[PDB]
Amino acid sequence: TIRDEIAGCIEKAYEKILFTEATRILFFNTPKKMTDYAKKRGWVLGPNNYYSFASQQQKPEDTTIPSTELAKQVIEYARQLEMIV
Amino acid sequence: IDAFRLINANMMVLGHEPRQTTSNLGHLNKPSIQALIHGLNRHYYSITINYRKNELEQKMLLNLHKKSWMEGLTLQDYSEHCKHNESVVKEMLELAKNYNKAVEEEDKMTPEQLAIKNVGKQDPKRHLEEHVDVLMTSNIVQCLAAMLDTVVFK
């Protein structure tokens, strides 16, 4: 549960890390567990470095889940102000 | 609607009073006023008027006056309210905020003076709260702002 704890917190701002410090922290000096992490995980086994890929959200379409959750919420405001029985 | 019927003068030796289906006469005396109508129950006896309506005509007058007060294609004026909600509303929102400061600092004197004068006696003077109407205009603001997401998106 610490092995997958490093394998969870790897994906953060370790934008590049040299391999033998990950050998120190993870465990197992030159294992096939480096194949396990570098293949079951991402962190492309390049030259002496687990490389960090990039991913984005953009908040593009939504704009609409804001608009429809506001449809829900203001239909609710109007609904409770609406009541009369 | 008001309709009438003339009586003679030859038949005042005879009576004037069979009045079948008695409800109509007692109904005639209620829509009614005057001293002169009371003087013209002679020479005049009225007659009941009622109304039968075609459900075709009733339903298409309902079409007209519950649908044609909404306007053509029906999106048009609600998207025009959406045009109002980002260009014109903020000016009357400034008017609303200035009213809901200026009226308020003197209507906070009102429960004070309710504690001062009596338990709720007669009307002292001019002003009132009047905030409820301005809040209903603000409710118009929020409902037509809700219209923005619905109309503008999709």
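Residues numbered from 1 in each chain as written, not as in the entry; some residues may be left out. Chains lettered and ligands numbered in written order. Part of a larger assembly, values for the part shown. Heavy atoms only, no water.

The record lists cryo-EM as the method behind this PDB entry and 3.6 Å as its resolution.

By the naming in the PDB entry, chain B is 26S proteasome non-ATPase regulatory subunit 14, taken from Homo sapiens. What the PDB entry is called, per its title line, is "Nucleotide-Driven Triple-State Remodeling of the AAA-ATPase Channel in the Activated Human 26S Proteasome".

As recorded by the PDB entry, chain A carries the name 26S proteasome non-ATPase regulatory subunit 8 and is attributed to Homo sapiens.

Undergrad: So what exactly am I meant to see when it comes to the packing of aromatic side chains here?
TA: The description of two aromatic rings rests on the distance between their centres and on the angle between their planes. Residue and element names in this part refer to chain A. Counted by the stated rule, this structure contains two aromatic pairs over all chains. Geometrically, the ring pair formed by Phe19 and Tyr50 is edge-to-face, given 5.6 Å between the ring centres and 85 degrees between the ring planes. Separated by 31 residues along the polypeptide, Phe19 in helix α2 (residues 19–25) and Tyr50 in strand β3 (residues 49–51) bring together distant segments of the chain. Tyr50 carries the same exposure label as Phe19, and that label is buried. (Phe/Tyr/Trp six-rings, centres within 6.5 Å; stacked < 30°, edge-to-face > 60°. Helix = DSSP H or I, 4+ residues; strand = E, 2+ residues; numbered from the N terminus. Buried < 20%, exposed > 50% of the residue type's maximum accessible area, 1.4 Å probe, protein only.)

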